[PDB]
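Chemist: Residue numbers (PDB author numbering): 1 to 114.
From the three backbone atoms N, C-alpha and C, an ideal C-beta is built for every residue, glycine too.
There's a structure below that I have some questions on.
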RNA sequence: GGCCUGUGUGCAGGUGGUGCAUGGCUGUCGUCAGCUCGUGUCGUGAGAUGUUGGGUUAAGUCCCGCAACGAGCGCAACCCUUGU
Ligand SMILES: [Mg+2]
Ligand SMILES: [Mg+2]
Ligand SMILES: [Mg+2]
Ligand SMILES: [Mg+2]
Ligand SMILES: [Mg+2]
Ligand SMILES: [Mg+2]
Ligand SMILES: [Mg+2]
Ligand SMILES: [Mg+2]
Ligand SMILES: [Mg+2]
């Protein structure tokens, strides 16, 4: 089950990877082929794992689970922030403070102060 | 009862000793700006981060990214005088 189709996935160009100086050998199984120094991701595996995460998140939301969105790259901060505020979900987009999850009691004081 | 003259009883009485046992008070480093704690994280262990680098100020006064998030004694203010 999917909503986003392969053709428009190619149009968006999500299959592109990094150069030959950064590829992790543990990602060889994912890697299909390299053309002009850029790797191509396996779209079948991508769709299957997207489906897996799809039912996982469906069950999590049905059972009442909370998911935090994390992203700091400049090119996605605005998009993540807009989507999170439209969907009413807590999010972080600009800076990740050290030990925010392992240390929640201390920052509870900061939240109460705010 | 108060007070004390003669006997003592305990005992008063000592600027006699011990600031290498002490209380309190005081001088210098220096009116220098440095010195700590809670949680977390890392390593086994004595431990490290926070307190690193750049900029700025008389000052750990402040800004920027960084496993750090906060707080404390200090710094300035609140007190006196002098200037209208
Ligand atoms: Mg003597
Ligand atoms: Mg002496
Ligand atoms: Mg000194
Ligand atoms: Mg350990
Ligand atoms: Mg150190
Ligand atoms: Mg240190
Ligand atoms: Mg620090
Ligand atoms: Mg120091
Ligand atoms: Mg200080």
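#1: Hey, is the stretch 68-87 in contact with the stretch 23-40, meaning 3+ C-beta pairs nearer than 8 Å?
#2: Going by DSSP, what residue range makes up the beta strand (DSSP E) through residue 33?
#3: Whether or not the stretch 83-92 and the stretch 48-68 are in contact is what I'm after, with contact meaning three or more pairs of Cβ atoms, one per stretch, closer than 8 Å; do they touch?
#4: Run through DSSP, which three-state label would residue 104 get?
#5: I'd like to confirm the pairing. Which residues does DSSP put opposite residue 40 in its beta bridges?
#6: Under the DSSP definition of a beta bridge, which residues are partnered with residue 69?
#7: Can you tell which of 107, 3, 98 and 15 has its C-alpha closest to the C-alpha of residue 45?
Modeler: In brief:
#1: no
#2: 31-35
#3: yes
#4: coil
#5: 16 and 33
#6: 91
#7: 15
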